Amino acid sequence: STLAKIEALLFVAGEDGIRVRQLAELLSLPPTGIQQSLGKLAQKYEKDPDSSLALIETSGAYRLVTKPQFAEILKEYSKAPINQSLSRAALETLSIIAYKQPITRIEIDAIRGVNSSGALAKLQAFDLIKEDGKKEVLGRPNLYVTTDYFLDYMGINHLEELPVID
């Protein structure tokens, strides 16, 4: 089956997921057709009461995961970094970068009121944020942004999909 082929791959990738585009260059089908199967699949799982899986699309990739219910169970067994929550400091520091992006360490500290050195590291250690641009000042500052992992961690595909200040 094509459903079987998708699942197979999607399974092998696991947490890393796969992109519709790359799924076509492997099955030899039109990117528009995968979309269709991928829906039939996620639906096959939905109905099946004996299935624990679910299709999910974050950071523009489709990933094979577990239906939300089993979280209570698995929470004991897994505890992989993506399911671990974050410290209020990192959470807030992350927010600032997320939006005021690209930004600098001092700018964050300014906005945040205190030193962010500790958060920048933790967040960077988790591949959530990464340093991209550079700054033209009497100090050669570094600019911080967000990685693709940030989308995934947030469960969205595009940055714009973030809540909005209302």
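So that there is no doubt, residue numbering starts at 1 and follows the sequence shown.
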Mean temperature factor over C-alpha atoms, higher-scoring stretch between 26-34 and 119-127: 26-34
99-107 or 131-139, whichever carries the higher mean Cα B-factor: 131-139
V164 - which third its CA temperature factor falls in, relative to the rest of the chain: highest
Modelled-residue ranking by C-alpha temperature factor, third containing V114: highest
Third assignment of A8 from its chain's C-alpha B-factors: lowest
